[PDB]
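Engineer: Protein chains in written order, with the working numbering: chain A, 45 to 377; chain B, 33 to 254; chain C, 40 to 252.
Every residue, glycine too, gets a C-beta built ideally from N, C-alpha and C.
Here it is: the structure, laid out below.
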Amino acid sequence: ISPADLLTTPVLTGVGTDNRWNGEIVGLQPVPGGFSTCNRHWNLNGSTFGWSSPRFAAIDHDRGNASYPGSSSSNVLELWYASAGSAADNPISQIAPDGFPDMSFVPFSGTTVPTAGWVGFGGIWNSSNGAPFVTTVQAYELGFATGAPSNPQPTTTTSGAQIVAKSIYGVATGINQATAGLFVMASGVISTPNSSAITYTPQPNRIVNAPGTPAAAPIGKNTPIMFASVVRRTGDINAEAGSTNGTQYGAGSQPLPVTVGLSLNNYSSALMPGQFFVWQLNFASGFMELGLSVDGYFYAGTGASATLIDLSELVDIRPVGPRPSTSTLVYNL
Amino acid sequence: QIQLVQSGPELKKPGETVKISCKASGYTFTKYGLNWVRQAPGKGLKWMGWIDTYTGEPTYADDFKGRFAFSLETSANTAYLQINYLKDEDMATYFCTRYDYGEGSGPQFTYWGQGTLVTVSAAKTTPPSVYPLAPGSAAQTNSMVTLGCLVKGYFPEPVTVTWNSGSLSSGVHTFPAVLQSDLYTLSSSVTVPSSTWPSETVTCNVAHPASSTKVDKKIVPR
Amino acid sequence: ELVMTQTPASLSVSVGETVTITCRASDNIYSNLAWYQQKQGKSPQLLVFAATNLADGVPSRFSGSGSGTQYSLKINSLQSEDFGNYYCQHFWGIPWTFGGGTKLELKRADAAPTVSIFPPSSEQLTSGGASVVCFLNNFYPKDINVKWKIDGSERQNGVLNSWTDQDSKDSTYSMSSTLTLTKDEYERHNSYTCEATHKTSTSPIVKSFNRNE
Numbered sequence: 045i046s047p048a049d050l051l052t053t054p055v056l057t058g059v060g061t062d063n064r065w066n067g068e069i070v071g072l073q074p075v076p077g078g079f080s081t082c083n084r085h086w087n088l089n090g091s092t093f094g095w096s097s098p099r100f101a102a103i104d105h106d107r108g109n110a111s112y113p114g115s116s117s118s119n120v121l122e123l124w125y126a127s128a129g130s131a132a133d134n135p136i137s138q139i140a141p142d143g144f145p146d147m148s149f150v151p152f153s154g155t156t157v158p159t160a161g162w163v164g165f166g167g168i169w170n171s172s173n174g175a176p177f178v179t180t181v182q183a184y185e186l187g188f189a190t191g192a193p194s195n196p197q198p199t200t201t202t203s204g205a206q207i208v209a210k211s212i213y214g215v216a217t218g219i220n221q222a223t224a225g226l227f228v229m230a231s232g233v234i235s236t237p238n239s240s241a242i243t244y245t246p247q248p249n250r251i252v253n254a255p256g257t258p259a260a261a262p263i264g265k266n267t268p269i270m271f272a273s274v275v276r277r278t279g280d281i282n283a284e285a286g287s288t289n290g291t292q293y294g295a296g297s298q299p300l301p302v303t304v305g306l307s308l309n310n311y312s313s314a315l316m317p318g319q320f321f322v323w324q325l326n327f328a329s330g331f332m333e334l335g336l337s338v339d340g341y342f343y344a345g346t347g348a349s350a351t352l353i354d355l356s357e358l359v360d361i362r363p364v365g366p367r368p369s370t371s372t373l374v375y376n377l
Numbered sequence: 033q034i035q036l037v038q039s040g041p042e043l044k045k046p047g048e049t050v051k052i053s054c055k056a057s058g059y060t061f062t063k064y065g066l067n068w069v070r071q072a073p074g075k076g077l078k079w080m081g082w083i084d085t086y087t088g089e090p091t092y093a094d095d096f097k098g099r100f101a102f103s104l105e106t107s108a109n110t111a112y113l114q115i116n117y118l119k120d121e122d123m124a125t126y127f128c129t130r131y132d133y134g135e136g137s138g139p140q141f142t143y144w145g146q147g148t149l150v151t152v153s154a155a156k157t158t159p160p161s162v163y164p165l166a167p168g169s170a171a172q173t174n175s176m177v178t179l180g181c182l183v184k185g186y187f188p189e190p191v192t193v194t195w196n197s198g199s200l201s202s203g204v205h206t207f208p209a210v211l212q213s214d215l216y217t218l219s220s221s222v223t224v225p226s227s228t229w230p231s232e233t234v235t236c237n238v239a240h241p242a243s244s245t246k247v248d249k250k251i252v253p254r
Numbered sequence: 040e041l042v043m044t045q046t047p048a049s050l051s052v053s054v055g056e057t058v059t060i061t062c063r064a065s066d067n068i069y070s071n072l073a074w075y076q077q078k079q080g081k082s083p084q085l086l087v088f089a090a091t092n093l094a095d096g097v098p099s100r101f102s103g104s105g106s107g108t109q110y111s112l113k114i115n116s117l118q119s120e121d122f123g124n125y126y127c128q129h130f131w132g133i134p135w136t137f138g139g140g141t142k143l144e145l146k147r148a149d150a151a152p153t154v155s156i157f158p159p160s161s162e163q164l165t166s167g168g169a170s171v172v173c174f175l176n177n178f179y180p181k182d183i184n185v186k187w188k189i190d191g192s193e194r195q196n197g198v199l200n201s202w203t204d205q206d207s208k209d210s211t212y213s214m215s216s217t218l219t220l221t222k223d224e225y226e227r228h229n230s231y232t233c234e235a236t237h238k239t240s241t242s243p244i245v246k247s248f249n250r251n252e
């Protein structure tokens, strides 16, 4: 098959979402130093090194442990954690439940709200019958850590780690429950302590990768890119694109339509390592080239630039074909 | 070297308050949580809770929510345990220990402080009474003879017992002190050949530092 | 909720023997189980974590195994350094719980107790009190029971007992027993008897004295 139909015009002009936050892609964020991503990320061999499927449903784990700090159980933070490698229900990988975010945990306590944490809505439930602990529903920060539960610290490797959920606001009544279940909707938001937007999230040094995840590095003047969408933040839940308190961008490694397609057919015979499958992105004044690697990473010929490329003036996408990564991808505004 | 060094022993009355120090060194203090485990003398280990050293947030076992409080002083690489309104049931050795889980290790308490013994008692400081134990007048002499020293009604610990200013070590059994009400009783036996007693002198040396006392009771026959 | 039951409470072993101790949880702890060793007068040290993994620096003779609810700790050929107390502990929901502990004591052949009885000193008598002291030195095994008899009748109230640790030299146990009386009560009776029952004898070991001699 030719992977050309994987990146059509609607994918980057309003319909396509990023494979991490499920937000409408509105920009291309180059990463001059490179990055890695495996969760909800597919390559051209039909495989992922991650633990999530190309869909945004619910995060669901049935065997963790829940607790609350302090001497009072009312309006208190609730902590849930489980060992990485215990998502027995997940057929893709037992590392983490399908949909668990690939971001290192940002520690916090008390009134302080974590900065740049993945946050989702849900709570704790009872593993023996499936009944919810109704007094534990809240917004929870989710992430990978070590030293849980005594002192969760951010980690970006999966083996030996722990997955952690902790409410950023006080739950109605906290519970101490062993073999506790976690249920959180897989569509997330970015935690902010106030109304200000922050830098794009997650930053490369916050992404958690499984053993064997290939990295995206520069090849000459070609630089790997992430796909930026406007993601909501807890500090100002109303803010969307062009807000007076700043525009919050979330970033993903692939357009979700590309991930879906890569996960249904095998494209091993379309590319060899050292080649991009190139599309030409045509704008109102000028054009640029997008290149896709066998590892499922996208590149651009922007060199050391980290300025975000706005897509609001993109007109159409035309496939080009395989091209050598020795050639600098064209970039003409 | 990684170590957790705990504060010295405390002796307090019921109702009083105590604060125990636990000072880390050799690693980053705010990257590893510290748990508190306690052990009553002779009994097992009971877990109390942990204090997150990065955030200061403490978690307690339910039995310890009332009168126990974990704190820390980050600048001093030190964690604190404070017990208010002390009960007899609080008399224990208190351990701080570093929690590890990750990178192939854990969950585990990896490093332990040396412990801090909190003694709870309402006794008032009292010198011991020393009594020499010689065989009753109508006793038959074998090849060996055992003599005794009885130390009664002192507080607090410890009392020290030597025989012949230390020159007798073999065949000496000094027993653990025990309570008689809230004072302590201690006894000590020494077994010597019959051909050396009462032929030569056998005295018993008892020292109670808390009351600045040094009694020396020679064992004479009857 | 999860309570830990260790077994046995204690066992007497010799160097070179292989030993299995057992820790059972009241519900599944999913191998989140650590084993600790504590020596007399010291702080515990980590031996096994996650049920089956030796901690850094722990000799190869130690072996942990188990899953679900039943776990075990095996020591192949106990060296002299292995004597002390052993604890299991679970990390499955707070409160994290320790087992009651297994004490490994050192084995040896039986020893008869040397019993000595001492009447009240003449110094204590003139000071109002009267304590009768009994020493039961160098006996093995540890289990022993002492009964005081005044004029043939056992006196339960008024006795204090002290047992030593296993001896650092000959591996025996020793015991101390004091019967404390009012001076008046002491002077109203005659025969004071220290009676001990132990494995080494079948008749009880007895040492007595009569005030009128």
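Check whether chain B comes within 9 angstroms of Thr203 (chain C), counting only Cβ atoms and requiring the distance to be less than that.
Structural biologist: yes
Engineer: Could you check which residue in C:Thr165, C:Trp187 and C:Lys222 has the C-alpha nearest to that of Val172 (chain C)?
Structural biologist: That would be C:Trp187, whose Cα lies nearest to the Cα of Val172 (chain C).
Engineer: Give a yes or no on whether 9 angstroms exceeds the smallest Cβ distance from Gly88 (chain B) to chain A.
Structural biologist: yes
Engineer: Beta-carbon separation of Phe101 (chain C) and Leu85 (chain C) under 9 angstroms?
Structural biologist: No, the pair does not count as a contact, with Cβ atoms beyond the cut-off.
Engineer: Could you give the distance in angstroms between the alpha-carbon of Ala124 (chain B) and the alpha-carbon of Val150 (chain B)?
Structural biologist: 6 angstroms
Engineer: Identify every run of the alpha helix (DSSP H) within the region 296-348 of chain A, keeping only runs that are complete inside it and at least 4 residues long; order them along the chain.
Structural biologist: 300-306
Engineer: For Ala239 (chain B), I'd like the list of residues in its chain whose CB is within less than 6 angstroms of its CB, leaving aside the five on either flank, ordered along the chain.
Structural biologist: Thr192 and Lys246
Engineer: Are the CB atoms of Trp65 (chain A) and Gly187 (chain A) nearer to each other than 9 angstroms?
Structural biologist: No, Cβ-Cβ distance for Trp65 (chain A) and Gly187 (chain A) is not below 9 angstroms.
Engineer: Looking only at its chain, what residues have a beta carbon closer than 8 angstroms to the beta carbon of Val274 (chain A), apart from the 5 residues adjacent to it on each side?
Structural biologist: Once the five neighbours on either side are set aside, the close Cβ partners of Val274 (chain A) are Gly67, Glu68, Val70, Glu284, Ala285, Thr291, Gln292, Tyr293 and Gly294.
Engineer: Which chain A residues are close to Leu41 (chain C), counting only those with a beta carbon under 9 angstroms from its beta carbon?
Structural biologist: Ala222
Engineer: If we count the other Cβ atoms within 10 Å of its Cβ and call it buried at 16 or more, is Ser244 (chain B) buried or exposed?
Structural biologist: exposed
Engineer: Between the region 154-169 of chain C and the region 106-122 of chain C, do at least 3 Cβ pairs fall closer than 8 angstroms?
Structural biologist: no
Engineer: Taking a Cβ distance cut-off of 7 angstroms, strictly less, list which residues of the region 108-125 of chain A are near chain C, in chain order.
Structural biologist: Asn109 and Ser111
Engineer: Count the C-beta pairs between the region 173-188 of chain A and the region 146-158 of chain A that are closer than 8 angstroms, then say yes if the count reaches three, no if not.
Structural biologist: yes
Engineer: Could you pull the start and end residues of the beta strand (DSSP E) that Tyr225 (chain C) belongs to?
Structural biologist: Taken as a continuous stretch (DSSP letters only), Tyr225 (chain C) belongs to no beta strand (DSSP E), being part of the alpha helix (DSSP H) at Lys222 to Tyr225.
Engineer: Tell me whether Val162 (chain B) is buried or exposed, calling it buried when 16 or more other Cβ atoms sit within 10 Å of its Cβ.
Structural biologist: buried
Engineer: Please report how far the alpha carbon of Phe271 (chain A) lies from the alpha carbon of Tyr341 (chain A), in whole angstroms.
Structural biologist: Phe271 (chain A) and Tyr341 (chain A) have their C-alpha atoms some 11 angstroms from each other.
Engineer: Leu215 (chain B) and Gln146 (chain B): beta carbons closer than 9 angstroms?
Structural biologist: It is not a contact, given that the beta carbons lie outside the stated cut-off.
Engineer: Select from the region 77-96 of chain A all residues with a C-beta closer than 7 angstroms to any C-beta belonging to chain B, and list them in chain order.
Structural biologist: Per Cβ criterion, the list is empty.
Engineer: Using a cut-off of 8 angstroms between C-beta atoms, extract the partners of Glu105 (chain B) located in chain A.
Structural biologist: Result: empty, since nearest Cβ-Cβ is about 16 angstroms, beyond 8 angstroms.
Engineer: Quick one: grab the DSSP three-state call for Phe248 (chain C).
Structural biologist: strand
Engineer: Using a Cβ-Cβ distance cut-off of 9 angstroms, determine whether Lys55 (chain B) contacts chain C.
Structural biologist: no
Engineer: Could one say the Cβ of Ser211 (chain A) lies closer than 9 angstroms to chain B's Cβ atoms, at least one of them?
Structural biologist: Judged by the 9 angstroms Cβ criterion, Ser211 (chain A) is not in contact with chain B.
Engineer: According to the neighbour-count rule (16 or more other Cβ atoms, all chains shown, within 10 Å of its Cβ), is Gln79 (chain C) buried or exposed?
Structural biologist: exposed
Engineer: Indicate whether at least one CB of chain C lies closer than 9 angstroms to the CB of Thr110 (chain B).
Structural biologist: no
Engineer: Quick one: Cα of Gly168 (chain B) to Cα of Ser226 (chain B), how far?
Structural biologist: 15 angstroms
Engineer: So, with DSSP's three-state summary, where would you put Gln163 (chain C)?
Structural biologist: helix
Engineer: Would the region 228-235 of chain C and the region 181-200 of chain C be scored as touching if the rule is three or more Cβ pairs under 8 angstroms?
Structural biologist: yes
Engineer: In the DSSP output, which residue or residues are listed as bridge partners for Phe227 (chain A)?
Structural biologist: A:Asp104 and A:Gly167
Engineer: Measure from the alpha carbon of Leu352 (chain A) to the alpha carbon of each residue in A:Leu377, A:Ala132, A:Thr217 and A:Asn282, then state which is nearest.
Structural biologist: Out of A:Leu377, A:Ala132, A:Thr217 and A:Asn282, A:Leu377 has the C-alpha closest to the C-alpha of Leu352 (chain A).
Engineer: Could you check what DSSP says for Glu144 (chain C) in three-state terms: helix, strand or coil?
Structural biologist: strand
Engineer: Taking 9 angstroms as the cut-off, decide whether the C-beta atoms of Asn174 (chain B) and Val234 (chain B) are in contact.
Structural biologist: no
Engineer: By DSSP's criteria, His85 (chain A) is part of a beta bridge. Which residues make up the other side?
Structural biologist: Per DSSP, none; premise fails for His85 (chain A).
Engineer: Per DSSP, what kind of secondary structure is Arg250 (chain A) in: helix, strand or coil?
Structural biologist: helix
Engineer: Considering only residues of the region 122-167 of chain B, which uninterrupted beta strand (DSSP E) runs meet the minimum length of 3 residues and lie entirely inside it, listed in chain order?
Structural biologist: 124-134, 137-144, 148-152 and 161-165
Engineer: Determine the DSSP secondary structure at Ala169 (chain C), reduced to helix, strand or coil.
Structural biologist: strand
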